[PDB]
Amino acid sequence: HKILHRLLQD
Amino acid sequence: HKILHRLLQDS
Amino acid sequence: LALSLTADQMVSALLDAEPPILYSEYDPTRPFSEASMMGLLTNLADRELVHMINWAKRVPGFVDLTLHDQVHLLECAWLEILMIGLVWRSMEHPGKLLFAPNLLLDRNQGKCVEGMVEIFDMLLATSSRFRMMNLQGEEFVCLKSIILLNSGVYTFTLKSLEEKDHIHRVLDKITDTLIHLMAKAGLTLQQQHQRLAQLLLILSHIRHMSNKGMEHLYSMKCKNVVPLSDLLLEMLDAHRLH
Amino acid sequence: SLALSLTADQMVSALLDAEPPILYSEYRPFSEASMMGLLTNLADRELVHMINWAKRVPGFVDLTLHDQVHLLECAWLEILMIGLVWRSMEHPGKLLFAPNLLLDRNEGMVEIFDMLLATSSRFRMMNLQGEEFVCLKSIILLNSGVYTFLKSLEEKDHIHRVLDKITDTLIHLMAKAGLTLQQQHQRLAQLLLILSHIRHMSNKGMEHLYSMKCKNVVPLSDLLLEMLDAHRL
Ligand SMILES: Cn1c(N)nc2ncc(-c3ccccc3)cc21
Ligand SMILES: Cn1c(N)nc2ncc(-c3ccccc3)cc21
């Protein structure tokens, strides 16, 4: 679960 | 450095 | 949609999405070390990335894409994006790099970071170029948006070719926008496409500054010179580097 | 001076006229060492030729030798790659390194291979024209190393003037092919932006060529070695 991926949903 | 130098003069 | 945006709406959005200039943790009580300075840049970048992500989302067309794709574009362009910003804000600062309002360095100062100077020279060079052409803000954000869509599009089953094509359509609008701008700037037709060429050619050197930037970072990493954020680690990773 | 007096069509005819020959490779299965041998053997020979084409790139002989050296030291691998890409176009899923050496993606060079193939997929999807390709190729030569440059300011000035010409020439080409103004600009943009992807493949290959170097797995010519020397120094 890459960091960037989650940051791109917040 | 130098081979290229000499090719660019070759005629 | 981004394709029904006009030129002037295209420009308004981008200027409106622009990130803030962030300050460095600059501690003027000690002299720089290699480790310290690098710390400062990696701390700054780390914080710019978070804002960057939010900027990308406001780049027209960009939210139309799957997360995996957004992830990829960003992983490809992040350092180009940081460097083109740095160059831009360094514009009016001849001989210096304005990483932050409190971190304005010259080629003499990056001295203590092994291998940084070459990249410093390049960036100051790009800045003198933008200065000499008189790069405008409206043109800068266009360039910056181009870099984000472009850099990783080549490196993109059936939903793939629609996504590609989508990005190409969007890049075409920004091209239309760059031209709009120059026309409005009172440029002749000839000067428009000459200018458009000069700026797009500048991206080549920015891709190039990035690649050298990346490899230098990997070596600070591989030397345990500076701790890198879990985000930095991951973005440097993407470049599967060595 | 003479480069700034050429016409759109004289520019084009001079560049098609300087176009290098498609050289051949060496004529069982491949070892790692054997494969890269052919590539670097090929590349070396192609270098000798590329130097002669550069001298016939209008504007190029106007410069000093330091500067041709520097331009060629920066551009060389980009030049090679856009040739392979251009030659590979009409062979979907393959790289035509030479007529006898036509490979598919079937250590580390695979990522590079995938990029070159994508570049060729692009050129294909755009239907790049030959006249367009030789222009792009000259752009690469004059562009790549000018940033990293009143003896000097004039020379840059010169190269940038030559570059606008090649760009005028690219536009001629597309107006001639009957595209609208909007489409000339879009198109011009699309082709310049590929150069960014080419500069990127080249920076990557340079590093891969640097490990294949440190490895002594593959002899490299004294030229090939010096040209790789320039990218570290
Ligand atoms: C030159 N450089 C390298 N080698 N690694 C770097 N990481 C980040 C930056 C950066 C961070 C914030 C603003 C401007 C530049 C610069 C870097
Ligand atoms: C990726 N790569 C490495 N590492 N070393 C290389 N040497 C030559 C080429 C090459 C030569 C002619 C056409 C296209 C590529 C590519 C190389």
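So that the names make sense, note that chain A is the first sequence line, chain B the second, and so on, each numbered from 1. Computed from heavy atoms alone, side chains included, the values below leave out hydrogens, waters and symmetry copies.
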Using a 6.0 Å cut-off, check whether atom CE of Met125(D) has over 12 heavy atoms from anything other than its own residue. no
Take atom CD of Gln136(C) as the centre, draw a 6.0 Å sphere, and report whether it contains more than 12 heavy atoms from other residues, nucleotides or ligands. yes
Rounded to the nearest 0.5 Å, the CD atom of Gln194(C) sits from the CZ atom of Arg161(D) at a distance of 12.0 Å
Quick check on the interface: out of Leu188(D), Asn143(D), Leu192(D), who has the most heavy-atom pairs with chain C under 4.5 Å? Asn143(D)
Looking at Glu90(D), I want to see if its CD is surrounded by more than 12 non-hydrogen atoms of other residues, nucleotides or ligands under 6.0 Å. no
Answer key: most heavy-atom pairs under 4.5 Å with chain D among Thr175(C), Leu201(C), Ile147(C), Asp176(C) is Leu201(C)
Separation between CD of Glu207(D) and CD of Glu215(C), rounded to the nearest 0.5 Å: 4.0 Å
Atom CG of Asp172(C) and atom CD of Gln182(D): how far apart are they, to the nearest 0.5 Å? 8.5 Å
Take atom NZ of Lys176(D) as the centre, draw a 6.0 Å sphere, and report whether it contains more than 12 heavy atoms from other residues, nucleotides or ligands. no
Which heavy atom of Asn203(D) sits nearest a heavy atom of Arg207(C), and at what distance? OD1-O, 4.5 Å
Which atom of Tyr147(D) lies closest to which atom of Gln198(C), heavy atoms considered: OH-O, 4.2 Å
Honestly, the part of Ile146(C) sitting under 4.5 Å from a heavy atom of chain D is side chain
Heavy-atom pair count under 4.5 Å with chain D, highest-scoring of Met122(C), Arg129(C), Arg195(C): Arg129(C)
Could you tell me the separation between the NE2 atom of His200(D) and the OG atom of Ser204(C), rounded to the nearest 0.5 Å? 12.0 Å
Contact class of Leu203(C) relative to chain D, heavy atoms under 4.5 angstrom: both
For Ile198(D), is it the side chain, the backbone, both, or neither that has a heavy atom closer than 4.5 Å to a heavy atom of chain C? neither
Which one, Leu189(C), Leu171(C), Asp121(C), leads in non-hydrogen pairs under 4.5 Å with chain D? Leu189(C)
Most contacts with chain D, counted as non-hydrogen pairs under 4.5 angstrom, among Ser128(C), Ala197(C), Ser210(C), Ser151(C): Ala197(C)
